[PDB]
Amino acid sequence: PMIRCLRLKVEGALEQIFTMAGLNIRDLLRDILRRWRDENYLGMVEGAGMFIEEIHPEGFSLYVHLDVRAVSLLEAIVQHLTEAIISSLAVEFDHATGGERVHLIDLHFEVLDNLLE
């Protein structure tokens, strides 16, 4: 396998913004990723998992486990995943608030080291 992990930080204040709009951003991310996993499985990624680790006093780290079909595909994989997350959160937020905006375009993944390479 060719295994990578991505990490994205969700600010505690971002999570609260979503909460106040009546949204659970963790549940939304899970839905976005499930959908993205299903819409790519057997394609560029043979497997995908999602882990959440608390940040204290608030916020969380979102980890995405990926088994990629080839290393050179990572850039396009990360690009498409990032776009799906930002666009999908933006749509939900718009709908929950009657058209308010929230700053999301800084959401971005780091490709973590894989020391078992």
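When you see a residue number, it is the position in the sequence shown, counting from 1.
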Next on the checklist: Regarding 13-21 and 104-112, which shows the higher C-alpha temperature factor on average in the entry?
Outcome noted: 104-112
Checklist entry - When the C-alpha temperature factors are averaged for each of 86-94 and 39-47, which stretch ends up with the higher value in the entry? => result 39-47
Checklist outcome for this item: On the chain's distribution of Cα B-factors, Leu28 falls within the third called lowest
Next on the checklist: Considering every modelled residue of the chain and its Cα B-factor in the PDB entry, is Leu8 in the lowest, middle or highest third?
Outcome noted: middle
Checklist entry - Can you tell me which third, lowest, middle or highest, the CA B-factor of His65 falls into for its chain? => result lowest
